[PDB]
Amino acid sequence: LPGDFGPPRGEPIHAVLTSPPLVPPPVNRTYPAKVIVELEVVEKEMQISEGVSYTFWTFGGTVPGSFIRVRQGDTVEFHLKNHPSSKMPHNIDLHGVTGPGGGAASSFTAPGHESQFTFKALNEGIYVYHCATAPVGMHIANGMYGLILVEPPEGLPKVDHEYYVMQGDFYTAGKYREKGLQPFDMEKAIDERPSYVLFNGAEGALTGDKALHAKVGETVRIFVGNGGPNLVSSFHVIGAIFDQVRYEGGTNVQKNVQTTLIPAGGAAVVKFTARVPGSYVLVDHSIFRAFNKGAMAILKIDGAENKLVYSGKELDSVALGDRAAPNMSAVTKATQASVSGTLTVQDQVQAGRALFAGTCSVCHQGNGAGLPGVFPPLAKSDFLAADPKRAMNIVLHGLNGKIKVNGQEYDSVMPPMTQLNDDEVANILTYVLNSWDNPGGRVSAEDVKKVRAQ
């Protein structure tokens, strides 16, 4: 067989598993070992977006699940525990396992129980693992996937950084960024119409203050998974190229590509060399996933600019929109305050400030000045102040035709923004009214609900 390195030697090894986006250290081993892996399923609510909760089903308390790292030819004794708070039974199918269901029949585990099976890791590569419990799509859609690396016997080449990034498609009953606890939506899932497409189980999980880091001249390896359940990723790095892309345990290695299709249930190892500083965006280049459903992650490179290679500026809110900033925690806070019935004007102002970036600032500017004759001002706007209810209609339904704002004629088009939720429109307009010498006061989510219903 392949991985014919003999029986296990040395001492039994208790695998150290890591949470995303971190990876266990290289096994750094010249002999096949008995590796004991202990993984516990936990069902729990987490924020899938600011002020949006979702009941995830997790291997090890994270989406994606704990990263497992073994050596080709190792004997793996796999212990799956199902936490007693669980409502569902669970199991595991690991890609790269030689045997029926990749462990599924022998790993079936009720709440409060433990299962074990043993396999030999014959196949070198990066592999998805996931729950295989009927209904399998519901389990995978709730977050039950991760990666197992089976190293070659000599190990992978040394790099400066190793990271763990996994795409998933998610199906909420509510629309994108609709606040509250969102149930799983079986109808959207069967139709392959996801509300969110995420890296590492949340909007902003790898943006702003949670970006991946490296320095100019350093090499970065990323273990990239696609848990699906349904989507194929047009996986892409903006402003850079992959030195290498290798799928699962394939003999084939692609070099010098920027865009690479990762199948549902697929995994790849990509290598990046940092050349110039700034934010490098990992996206699904099925572009409405990246810019409208959350499928964007950041590798931030620090070091000296090289103007002979690139004269341009760091990314800002024009491209990254409301994910240019370190975090959008003011949205989380304003959502919690609405639930408590303690929402203040300042709660709304700070939430609207976060949401205004890109969404509005691309045309009206970060300071609301616009561009005279081209984009009208929101700063000290006579037109805004004259009719706050008109302002709600303009955000939801757009505006075209001749208007006069602060003594100047405009004859342009503001597209409708009907996909913004009532709370988002209310908070954005409350921010504008309380900025730039505007008259103050507030717009409520309920005010916007009524304008939306006409």
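Throughout, we count residues from 1 along the sequence that is shown.
Undergrad: Got a sec? Mean C-alpha B-factor, which is higher, 402-410 or 66-74?
TA: Looking at the recorded C-alpha B-factors, 402-410 comes out higher on average.
Undergrad: Taking only the CA atoms, which stretch has the higher mean B-factor in the record, 302-310 or 267-275?
TA: Result: 302-310.
Undergrad: Out of 204, 194, 228, 155, which shows the largest CA B-factor listed in the entry?
TA: Each of 204, 194, 228, 155 was compared by C-alpha B-factor; the highest is 155.
Undergrad: Go through 93, 162, 114, 284 one by one and give the residue whose Cα B-factor in the PDB entry is largest.
TA: Top of the list by C-alpha B-factor: 114.
Undergrad: Would you mind ranking residue 21 by its C-alpha B-factor against the rest of the chain and naming the third, lowest, middle or highest?
TA: Tercile = lowest for this residue's CA B-factor.
Undergrad: Ordered by C-alpha B-factor within the chain, which third holds residue 55? Give me lowest, middle or highest, please.
TA: Bottom third by C-alpha B-factor.
Undergrad: What third of its chain, lowest, middle or highest, does the C-alpha temperature factor of residue 395 fall into?
TA: For residue 395, whose C-alpha B-factor we compare with every modelled residue in the chain, the answer is the middle third.
Undergrad: Tell me, lowest, middle or highest third: where does the Cα B factor of residue 372 rank within its chain?
TA: Ranked within chain, residue 372 CA B lands in the highest tercile.
Undergrad: Would you check the entry's CA temperature factor for residue 217 and let me know if it's in the chain's lowest, middle or highest third?
TA: As the PDB entry reports it, the C-alpha B-factor of residue 217 lands in the highest third of its chain.
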